[PDB]
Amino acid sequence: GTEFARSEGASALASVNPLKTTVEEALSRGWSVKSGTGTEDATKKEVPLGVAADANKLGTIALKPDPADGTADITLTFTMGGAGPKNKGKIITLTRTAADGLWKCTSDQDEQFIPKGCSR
């Protein structure tokens, strides 16, 4: 009853939303994106997302496929394994469809805690 359920959802989305830019900039160069931290790899032409999987203690960030080259749908997920009771186990998913390059946000949280712009 005292859990910060609405702020948890906003913090989670704020950890993955900025990565859309990172992904688009890499694909515009014809480079692939790979998860984790590190330096660009000029041999394989892969750019890391630049954020650790556990950057936000509310949960974990994941990329699929990994690496991703733009020719298949890409998903960025924030799994709230560190959240309070109402949001623990819930997942915010950002999907970039390869056929049109568009992004969508879906969440399996209770409707009242889904961040603005995301749907069930």
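A residue's number is simply how far along the shown sequence it sits, counting from 1.
* **Per the entry, higher mean C-alpha B factor between 93-101 and 106-114** => The recorded data point to 106-114.
* With respect to the recorded C-alpha B factors, which stretch has the higher mean value, 80-88 or 39-47? -> The entry gives the higher C-alpha B-factor average to 39-47.
* If you rank every modelled residue in this chain by C-alpha B factor, which third holds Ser11: lowest, middle or highest? -> Lowest third, going by the recorded CA B-factors of the chain.
* With respect to C-alpha B-factor, does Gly59 fall in the lowest, middle or highest third of the chain as deposited? -> It belongs to the lowest third of the chain when residues are ordered by C-alpha B-factor.
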